[PDB]
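Right, one structure below, let's go through it.
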Amino acid sequence: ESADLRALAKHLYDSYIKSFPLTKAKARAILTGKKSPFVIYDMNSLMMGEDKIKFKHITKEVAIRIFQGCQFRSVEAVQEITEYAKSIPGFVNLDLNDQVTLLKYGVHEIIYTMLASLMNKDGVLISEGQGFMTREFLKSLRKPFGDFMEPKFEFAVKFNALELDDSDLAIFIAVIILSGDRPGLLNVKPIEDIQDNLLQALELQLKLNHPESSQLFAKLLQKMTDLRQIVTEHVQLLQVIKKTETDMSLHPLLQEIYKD
Amino acid sequence: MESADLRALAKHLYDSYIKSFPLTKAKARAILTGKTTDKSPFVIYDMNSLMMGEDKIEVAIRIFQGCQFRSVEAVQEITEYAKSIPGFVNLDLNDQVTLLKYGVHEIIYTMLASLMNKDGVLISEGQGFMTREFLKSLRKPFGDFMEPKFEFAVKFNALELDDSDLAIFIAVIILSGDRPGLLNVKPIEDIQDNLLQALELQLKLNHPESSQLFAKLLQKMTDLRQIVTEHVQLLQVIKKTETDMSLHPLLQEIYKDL
Ligand SMILES: O=C(O)c1ccc(-c2nn(C(=O)c3c(Cl)cccc3C(F)(F)F)c3ccc(Cl)cc23)c(CNc2ccccc2)c1
């Protein structure tokens with residue numbers, strides 16, 4: 001069934017390109033200077049970026065504005081991921097509650113995984129690659145906002161040293177979604193059955209796409225440990241931001257859209 | 001590596017695991033499932049039978065200090081095992097220490113699962129058996145100390161690993177190049193690369209019907225990392241509430257800065 005695993009890999013890659021506008025291939029071409037993006041490195045260039053990079057989220061404090069900007073984009077990504085999951089063979093046949101449970105607990109790990117595609121050591125692409133926020137500008141943010149963003153850079157630097165491309169990541173993402181260990185799942189067996197195929201598919205993909213990179217399969221799986229740990233730490237930052245930043249108050253309809 | 005070389009590394013590690021850990025999973029299962037009239041444990045399920053166990057083999061504190069002493073013993077055995085992992089003792093000293101500092105706990109809960117079923121845990125080299133319910137009913141935060149380890153053990157034991165498997169898995173845990181503060185990640189990763197290859201072949205040969213067991217076993221490393229985190233936070237809570245309590249220097253040092 002080797003031919004079958006190559007086929008599943010091809011299916012997921014095609015769906016991945018369609019579901020996610022800014023591919024890792026495209027983002028790397030932009031970061032490496034290969035139509036140049038707008039750069040945000042201080043407060044003034046941010047003010048000129050809102051009226052130039054036309055962020056879809058301007059509705060008075062700067063660090064809050066950035067954090068909520070990250071929140072809005074993440075809510076957009078949850079919809080893109082939801083559309084991608086539907087293409088995973090077997091996903092839409094699962095019990096409806098279980099699909100909702102797999103997406104509820106998986107989007108956070110997928111977002112961080114995919115955010116690494118947009119980062120280098122020096123910053124992160126934004127607005128489908130038209131803007132660029134420097135690591136230094138993010139690390140220097142006041143309050144606990146400065147420490148929210150630096151962990152994602154540290155993880156992305158380690159993670160990106162694996163040198164995965166989009167065809168690799170498309171299967172990795174599918175594998176995260178089909179985690180049979182999410183709390184409250186009603187029928188674990190078909191989820192773990194699908195994950196086995198995706199796991200076979202990822203293993204073959206990495207041997208063929210990285211024949212020199214020994215044990216790349218194992219090493220990528222160990223990155224799920226790091227992902228789970230950073231999602232957990234991130235949650236505890238939200239609780240602190242909710243309970244300390246009353247300036248982080250929103251319009252009730254807005255609070256409601258962004259509560260997840 | 002060549003298959004014959006990986007089999008040789010697997011055999012070396014199994015051999016050293018038998019030498020370093022006196023109570024193997026094989027022995028613990030023979031005691032837990034029994035039929036054996038020579039290996040039968042005394043069962044501790046309440047306060048009185050605990051008192052009768054003292055004459056055969058605050059209450060919640062005594063138990064906690066019991067786990068602490070056994071934990072130090074486990075660290076000693078794990079440290080003796082690590083020394084046998086080819087390449088380990090040639091590494092920079094600080095990294096040897098760093099690998100053990102972050103590795104021993106994940107290995108302790110791994111091997112603790114061998115001593116557990118759904119109903120309790122072997123103790124005192126298999127001569128006793130403390131029920132899960134009795135531990136869950138301990139007062140203050142102590143009742144919540146041991147139950148996460150049970151939840152992991154039930155799932156982990158469903159993998160049906162034996163000792164030859166665990167020996168290689170334990171080795172892979174120690175040689176993690178992602179531990180905070182490592183100075184020379186490359187030589188650690190080259191060793192883990194060999195150990196990961198050895199584990200792959202071993203699980204394929206010993207569990208050929210167990211699809212993707214290699215992948216499933218590695219994902220269990222996620223669950224280990226989370227239970228270590230919870231344990232540490234409980235220790236900080238007990239430290240600030242029981243000032244009469246005290247820790248072993250080996251344990252003291254493992255918990256400083258995660
Ligand atoms: O394109 C994406 O998929 C994408 C996804 C996440 C982020 C981003 N999210 N984020 C969070 O805190 C966060 C995460 Cl990880 C997960 C869930 C909720 C949150 C929440 F709610 F808190 F925001 C960051 C913290 C630090 C950094 Cl450097 C980036 C992030 C970004 C960065 N911005 C962006 C804006 C426009 C266009 C492209 C990019 C992009």
Side-chain angles (χ1 to χ4, degrees), chain A residues 179-185 188 192 225 228 232, chain B residues 21 23-34 41-46 49-50 53 57 59-61 63-64 66-67 69-71 73-75 78 104-124 126-132 134-135 137-139 141-143 146-154 156-163 165-166 169-170 173 216-217 219-225 227-232 234-235 237-238 251:
Chain A
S179 292
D181 59 315
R182 310 301 191 187
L185 293 177
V188 170
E192 267 171 345
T225 303
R228 297 242 171 145
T232 278
Chain B
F21 301 103
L23 184 61
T24 68
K25 180 167 188 184
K27 180 138 133 76
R29 293 296 133 191
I31 296 178
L32 285 172
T33 56
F42 192 102
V43 172
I44 288 140
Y45 60 106
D46 62 355
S49 52
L50 199 185
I57 320 156
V59 166
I61 302 296
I63 287 163
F64 190 80
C67 289
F69 159 83
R70 175 51 199 149
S71 267
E73 281 193 340
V75 166
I78 294 166
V104 289
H105 265 272
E106 294 165 9
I107 290 173
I108 281 165
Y109 303 127
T110 299
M111 297 187 328
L112 184 58
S114 309
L115 315 187
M116 287 180 155
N117 55 29
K118 75 223 173 281
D119 293 314
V121 54
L122 293 184
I123 62 153
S124 273
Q127 297 150 300
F129 180 83
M130 196 153 340
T131 66
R132 184 178 183 176
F134 173 60
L135 288 164
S137 66
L138 258 41
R139 57 92 151 166
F142 294 89
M146 276 294 255
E147 183 71 359
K149 297 88 165 85
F150 276 105
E151 278 197 324
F152 167 79
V154 144
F156 190 82
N157 292 354
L159 300 185
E160 313 224 270
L161 301 192
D162 63 47
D163 291 298
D165 308 314
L166 293 166
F169 181 62
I170 288 304
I173 295 171
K216 302 278 171 183
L217 178 49
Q219 306 198 271
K220 286 308 184 208
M221 256 166 94
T222 280
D223 302 283
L224 282 179
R225 193 73 66 85
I227 164 175
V228 173
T229 280
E230 275 147 47
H231 177 93
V232 176
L234 272 154
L235 283 189
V237 157
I238 284 75
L251 290 194

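Every chain is numbered from 1, with letters handed out A, B, ... down the list of sequences. Only this structure's heavy atoms are used, side chains among them; waters, hydrogens and symmetry mates stay out.
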Evaluate the ring planes of B:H231 and B:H105, with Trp represented by its six-membered ring, and classify them as parallel (under 30°), tilted (30 to 60°) or perpendicular (over 60°).
tilted
Check whether any side-chain heavy atom of B:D119 sits under 4.5 Å from a side-chain heavy atom of B:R132, and report yes or no.
no
So how far is it from B:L122 CG to B:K27 NZ, rounded to the nearest 0.5 Å?
9.0 Å
Are the side chain of B:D223 and the backbone N or O of B:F152 linked by a donor-acceptor pair below 3.5 Å?
no
Smallest heavy-atom separation, B:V43 atom then B:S49 atom, equals O-CB, 3.9 Å
Please give me the minimum heavy-atom distance between B:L224 and B:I173, naming the atom from each residue.
CD1-CD1, 4.0 Å
Which heavy atom in B:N117 sits nearest to a heavy atom in B:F129, and how many Å separate them?
OD1-CZ, 3.6 Å
Atom of B:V104, atom of B:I78 and distance for their closest heavy-atom approach
O-CD1, 3.7 Å
For the residue pair B:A74 and B:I108, what are the closest heavy atoms and their distance?
CB-CG1, 3.8 Å
Under the side-chain contact (heavy atoms from CB on, under 4.5 Å) rule, what do B:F156 and B:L217 come out as? Steps first, then yes or no, please.
CA-CA 8 Å; B:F156 190 82; B:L217 178 49; 3.8 Å; yes
Any idea which heavy atoms bring B:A28 and B:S114 closest together, and the distance?
CB-O, 3.4 Å
So B:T229 and A:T232, side-chain contact (heavy atoms from CB on, under 4.5 Å) or not? Walk me through it.
CA-CA 11 Å; B:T229 280; A:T232 278; over 6 Å; no
Would B:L135 and B:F150 count as a side-chain contact (heavy atoms from CB on, under 4.5 Å) if you check the C-alpha gap in whole Å, the side-chain angles of each, and the deciding distance to 0.1 Å?
CA-CA 11 Å; B:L135 288 164; B:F150 276 105; 3.9 Å; yes
Could you check whether B:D165 pairs with B:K25 (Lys NZ or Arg NE/NH1/NH2 to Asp/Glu carboxylate O, under 4.0 Å)?
no
How many angstroms lie between atom OG1 of B:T24 and atom CG of B:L166, to the nearest 0.5 angstrom?
10.0 Å
In Å, rounded to the nearest 0.5 Å, how long is the span from CG of B:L159 to CZ of B:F169?
9.0 Å
Is there a donor-acceptor contact under 3.5 Å from the side chain of A:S179 to the main chain of A:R182?
no
I'd like to check A:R228 versus B:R225 (side-chain heavy atoms, cut-off strictly below 4.5 Å). Are they in contact?
no
Straight-line distance of B:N157 CG to B:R29 CZ, nearest 0.5 Å
5.0 Å
Inter-residue atom distance B:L23.CG - B:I123.CD1, 0.5 Å rounding:
12.0 Å
What's the separation between atom CZ in B:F21 and atom CD1 in B:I107, rounded to the nearest 0.5 Å?
7.0 Å
